[PDB]
Amino acid sequence: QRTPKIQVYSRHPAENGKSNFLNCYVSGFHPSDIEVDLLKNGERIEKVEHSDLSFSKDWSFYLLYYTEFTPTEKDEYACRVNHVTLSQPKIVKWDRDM
Amino acid sequence: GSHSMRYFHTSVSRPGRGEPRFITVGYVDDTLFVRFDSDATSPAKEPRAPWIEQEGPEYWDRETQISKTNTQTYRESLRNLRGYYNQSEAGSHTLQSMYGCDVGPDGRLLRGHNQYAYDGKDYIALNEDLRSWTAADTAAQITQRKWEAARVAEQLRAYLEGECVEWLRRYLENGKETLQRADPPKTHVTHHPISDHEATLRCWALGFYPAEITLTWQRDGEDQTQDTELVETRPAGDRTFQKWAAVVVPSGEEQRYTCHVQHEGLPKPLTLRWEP
Amino acid sequence: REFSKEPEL
């Protein structure tokens with residue numbers, strides 16, 4: 001089994017008050033079953049879409065989860081991932097510099 | 001200049017929760033253009049790029065029939081694989097395969113591919129000669145002997161050298177405004193103090209297509225491979241990709257560091273520095 | 001365009 005890599009980032013450089021897309025890219029995992037929530041201030045965002053399940057040359061799977069969002073100075077965003085390799089869900093915070 | 005077409009098959013068993021799910025996606029280079037999911041309400045091959053939409057009903061009928069047949073083939077394969085490894089009917093297992101062709105700028109075949117993995121481990125692969133097989137273990141040798149007896153490799157060779165190359169060339173022409181357009185990275189360097197003693201320099205590449213890119217930091221002209229944090233290239237969601245590379249540098253030494261970017265869409269490779 | 005003769009393993 002292979003545990004997911006997780007990156008949380010925006011489609012465009014973040015600018016407060018300007019609509020954007022919040023991305024959670026999960027990759028490098030096996031087996032393929034996985035659960036992902038996007039969070040706003042700790043609460044699940046309901047309107048989340050995802051890409052079609054694909055896999056890399058090393059057979060590990062990858063998926064993009066995404067939602068439209070308008071970042072602000074104080075709103076906190078994160079991605080929460082569950083996978084059989086994880087004893088508890090893994091939360092990765094959005095850092096607009098990464 | 002070079003291009004690839006690849007189809008990706010996944011079948012996942014789920015005892016107690018129905019029959020094994022079958023998924024296919026197809027790519028040209030880094031562009032997903034078709035998908036199939038047996039768990040969909042009305043499973044069919046579906047377009048995912050505009051330039052495949054013009055294919056007519058006969059195309060979609062054939063593609064959907066192939067995927068529906070494959071759903072059953074892969075369920076039989078999963079049953080056989082469980083037996084080959086003396087496994088219980090209670091466990092979940094995964095069968096994956098990927099196949100297709102690579103062509104050069106003149107549209108000629110560079111090489112073909114067809115390989116398989118079971119529970120994430122390489123199982124059997126068609127060799128580059130498109131005539132012989134490499135089996136990972138004594139279970140895959142059973143598959144190999146079966147496929148040798150039935151001359152499967154000759155069917156794959158005919159497909160890979162013929163239809164695969166010809167239809168890839170068709171797709172590249174029909175989608176030439178995107179598939180044959182390299183979008184260069186937009187690049188910049190950011191500076192992030194860590195402490196009084198050190199800061200991070202981060203070199204950004206944004207908005208590029210295809211995904212292949214080289215991003216490196218140099219210190220005094222020497223590559224900083226061991227000291228560079230390199231994130232995996234990641235999709236932006238608008239067909240393009242993003243990547244960054246970062247180095248931790250002593251305060252005041254920023255101008256010893258240069259970031260170097262190579263990408264198909266760039267007229268010339270870029271050299272960047274921190275510009276306060 | 002897909003290959004139509006995927007064989008059983």
# chains A, B, ... in the order shown; residues from 1 in each chain; ligands from 1
$ interface_residues --of "chain A" --to "chain B" --cutoff "9 Å" --atoms "only C-alpha atoms" --output "list in words"
residues 1, 7, 9, 10, 11, 12, 21, 23, 25, 30, 31, 32, 51, 52, 53, 54, 55, 57, 58, 59, 60, 64, 66, 97 and 98 of chain A
$ residues_around --residues "residue 195 of chain B" --least-positions-apart "5" --cutoff "10 Å" --atoms "only C-alpha atoms" --output "number ranges by chain"
B: 200, 250-251
$ atom_distance --atom1 "atom CA of residue 198 of chain B" --atom2 "atom CA of residue 261 of chain B"
23.9 Å
$ atom_distance --atom1 "atom CA of residue 54 of chain B" --atom2 "atom CA of residue 167 of chain B"
13.7 Å
$ residues_around --residues "residue 1 of chain C" --least-positions-apart "4" --cutoff "10 Å" --atoms "only C-alpha atoms" --output "PyMOL selection string"
chain B and resi 5-7+26+34+59-60+62-63+100+159+163-168+171
$ interface_residues --of "chain B" --to "chain C" --cutoff "6 Å" --atoms "only C-alpha atoms" --output "VMD selection string"
chain B and resid 66 73 77 143
$ write_last_selection --atoms "N, CA, C and O atoms" --output "mmCIF file, in the first residue's frame"
data_model
loop_
_atom_site.group_PDB
_atom_site.id
_atom_site.type_symbol
_atom_site.label_atom_id
_atom_site.label_comp_id
_atom_site.auth_asym_id
_atom_site.auth_seq_id
_atom_site.Cartn_x
_atom_site.Cartn_y
_atom_site.Cartn_z
ATOM 1 N N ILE B 66 -16.471 -1.736 -26.605
ATOM 2 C CA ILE B 66 -15.178 -2.240 -26.147
ATOM 3 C C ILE B 66 -15.089 -2.165 -24.626
ATOM 4 O O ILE B 66 -14.650 -3.113 -23.969
ATOM 5 N N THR B 73 -14.201 -8.891 -19.268
ATOM 6 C CA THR B 73 -12.889 -9.520 -19.379
ATOM 7 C C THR B 73 -12.080 -9.328 -18.109
ATOM 8 O O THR B 73 -11.454 -10.270 -17.613
ATOM 9 N N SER B 77 -10.414 -11.927 -15.507
ATOM 10 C CA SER B 77 -9.001 -11.867 -15.148
ATOM 11 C C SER B 77 -8.802 -11.818 -13.638
ATOM 12 O O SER B 77 -7.916 -12.495 -13.103
ATOM 13 N N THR B 143 -0.134 -16.663 -17.444
ATOM 14 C CA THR B 143 -0.688 -15.729 -18.410
ATOM 15 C C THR B 143 0.161 -15.693 -19.674
ATOM 16 O O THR B 143 -0.370 -15.730 -20.781
#
$ residues_around --residues "residue 67 of chain A" --least-positions-apart "4" --cutoff "10 Å" --atoms "only C-alpha atoms" --output "PDB file with C-alpha atoms, in the first residue's frame"
ATOM      1  CA  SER A  10      -5.152  27.714  -5.884  1.00  0.00           C
ATOM      2  CA  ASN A  20     -10.488  31.598  -7.726  1.00  0.00           C
ATOM      3  CA  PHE A  21     -10.369  27.794  -7.516  1.00  0.00           C
ATOM      4  CA  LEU A  22      -9.213  25.846  -4.474  1.00  0.00           C
ATOM      5  CA  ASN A  23      -7.426  22.627  -5.455  1.00  0.00           C
ATOM      6  CA  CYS A  24      -6.556  19.513  -3.473  1.00  0.00           C
ATOM      7  CA  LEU A  38     -12.388  20.513   1.292  1.00  0.00           C
ATOM      8  CA  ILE A  45     -17.614  22.614   1.594  1.00  0.00           C
ATOM      9  CA  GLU A  46     -20.580  21.005  -0.186  1.00  0.00           C
ATOM     10  CA  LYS A  47     -19.935  22.043  -3.800  1.00  0.00           C
ATOM     11  CA  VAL A  48     -16.776  20.044  -4.593  1.00  0.00           C
ATOM     12  CA  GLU A  49     -15.973  18.387  -7.921  1.00  0.00           C
ATOM     13  CA  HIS A  50     -13.195  16.012  -8.840  1.00  0.00           C
TER      14      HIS A  50
END
$ select_by_dssp --residues "segment 81-194 of chain B" --states "strand (DSSP E or B)" --output "ChimeraX atom specification"
/B:94-103,109-118,121-126,133-135,183,186-193
$ atom_distance --atom1 "atom CA of residue 106 of chain B" --atom2 "atom CA of residue 56 of chain A"
26.5 Å
$ closest_residue --among "A:84, A:92, A:78, A:6" --to "residue 33 of chain A" --atoms "only C-alpha atoms"
A:84
$ select_by_dssp --residues "segment 19-215 of chain B" --states "alpha helix (DSSP H)" --output "short mmCIF file (atom, residue, chain, number, x, y, z; two decimals) with C-alpha atoms, in the first residue's frame"
data_model
loop_
_atom_site.label_atom_id
_atom_site.label_comp_id
_atom_site.auth_asym_id
_atom_site.auth_seq_id
_atom_site.Cartn_x
_atom_site.Cartn_y
_atom_site.Cartn_z
CA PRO B 57 -22.02 7.74 -33.55
CA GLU B 58 -20.20 4.75 -35.03
CA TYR B 59 -17.07 5.75 -33.10
CA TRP B 60 -18.86 6.10 -29.78
CA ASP B 61 -20.78 2.85 -30.27
CA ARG B 62 -17.55 0.92 -30.86
CA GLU B 63 -15.74 2.61 -27.98
CA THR B 64 -18.61 1.89 -25.57
CA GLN B 65 -18.91 -1.73 -26.69
CA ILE B 66 -15.18 -2.24 -26.15
CA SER B 67 -15.41 -0.86 -22.61
CA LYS B 68 -18.48 -2.95 -21.77
CA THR B 69 -16.71 -6.09 -23.03
CA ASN B 70 -13.56 -5.11 -21.15
CA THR B 71 -15.57 -4.77 -17.94
CA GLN B 72 -16.38 -8.49 -18.18
CA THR B 73 -12.89 -9.52 -19.38
CA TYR B 74 -11.27 -7.82 -16.40
CA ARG B 75 -13.71 -9.50 -14.00
CA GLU B 76 -12.66 -12.88 -15.41
CA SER B 77 -9.00 -11.87 -15.15
CA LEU B 78 -9.48 -10.91 -11.48
CA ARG B 79 -11.03 -14.33 -10.81
CA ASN B 80 -8.10 -16.04 -12.50
CA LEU B 81 -5.52 -13.93 -10.65
CA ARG B 82 -7.04 -14.77 -7.26
CA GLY B 83 -6.54 -18.44 -8.08
CA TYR B 84 -3.01 -17.95 -9.37
CA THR B 138 5.26 -17.86 -11.82
CA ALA B 139 1.64 -16.65 -11.88
CA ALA B 140 2.36 -14.25 -14.74
CA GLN B 141 4.11 -17.12 -16.53
CA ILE B 142 0.69 -18.81 -16.71
CA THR B 143 -0.69 -15.73 -18.41
CA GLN B 144 2.38 -15.57 -20.66
CA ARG B 145 2.02 -19.17 -21.80
CA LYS B 146 -1.68 -18.59 -22.53
CA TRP B 147 -0.98 -15.42 -24.50
CA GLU B 148 1.90 -17.04 -26.41
CA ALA B 149 -0.31 -19.97 -27.40
CA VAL B 152 -1.86 -12.16 -28.52
CA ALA B 153 1.35 -10.21 -29.13
CA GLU B 154 0.72 -10.26 -32.89
CA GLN B 155 -2.69 -8.66 -32.37
CA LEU B 156 -1.16 -5.95 -30.19
CA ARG B 157 1.66 -5.31 -32.67
CA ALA B 158 -0.84 -4.85 -35.51
CA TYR B 159 -2.87 -2.42 -33.41
CA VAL B 165 -0.46 5.60 -34.66
CA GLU B 166 -3.07 6.51 -37.27
CA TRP B 167 -5.70 7.58 -34.76
CA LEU B 168 -3.17 9.47 -32.64
CA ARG B 169 -2.21 11.40 -35.77
CA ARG B 170 -5.90 12.13 -36.45
CA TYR B 171 -6.43 13.38 -32.90
CA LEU B 172 -3.33 15.57 -33.06
CA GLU B 173 -4.64 17.22 -36.23
CA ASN B 174 -8.22 17.62 -35.00
CA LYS B 176 -3.91 20.83 -33.10
CA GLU B 177 -4.81 24.22 -31.53
CA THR B 178 -4.34 22.71 -28.04
CA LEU B 179 -2.54 19.38 -28.37
#
$ decode --residues "chain C" --atoms "N, CA, C and O atoms" --output "short mmCIF file (atom, residue, chain, number, x, y, z; two decimals), in the first residue's frame"
data_model
loop_
_atom_site.label_atom_id
_atom_site.label_comp_id
_atom_site.auth_asym_id
_atom_site.auth_seq_id
_atom_site.Cartn_x
_atom_site.Cartn_y
_atom_site.Cartn_z
N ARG C 1 -8.45 5.78 -30.32
CA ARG C 1 -9.27 4.60 -30.66
C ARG C 1 -8.72 3.38 -29.95
O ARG C 1 -7.56 3.08 -30.11
N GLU C 2 -9.56 2.70 -29.16
CA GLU C 2 -9.11 1.58 -28.35
C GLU C 2 -8.90 0.29 -29.14
O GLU C 2 -9.49 0.07 -30.21
N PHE C 3 -8.03 -0.55 -28.59
CA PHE C 3 -7.81 -1.93 -29.00
C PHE C 3 -9.00 -2.77 -28.59
O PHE C 3 -9.45 -2.70 -27.43
N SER C 4 -9.51 -3.58 -29.51
CA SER C 4 -10.78 -4.27 -29.26
C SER C 4 -10.66 -5.70 -28.73
O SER C 4 -11.68 -6.34 -28.48
N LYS C 5 -9.44 -6.19 -28.56
CA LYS C 5 -9.24 -7.61 -28.24
C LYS C 5 -8.41 -7.85 -26.97
O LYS C 5 -7.57 -8.74 -26.92
N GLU C 6 -8.67 -7.06 -25.93
CA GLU C 6 -8.05 -7.30 -24.64
C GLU C 6 -8.31 -8.73 -24.20
O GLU C 6 -9.47 -9.14 -24.10
N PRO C 7 -7.28 -9.51 -23.89
CA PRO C 7 -7.48 -10.90 -23.50
C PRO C 7 -7.57 -11.08 -21.99
O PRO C 7 -7.07 -10.28 -21.21
N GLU C 8 -8.22 -12.18 -21.62
CA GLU C 8 -8.25 -12.63 -20.24
C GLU C 8 -6.84 -13.00 -19.77
O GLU C 8 -6.11 -13.70 -20.48
N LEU C 9 -6.46 -12.55 -18.58
CA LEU C 9 -5.18 -12.96 -17.98
C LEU C 9 -5.25 -14.40 -17.48
O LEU C 9 -4.22 -14.99 -17.14
#
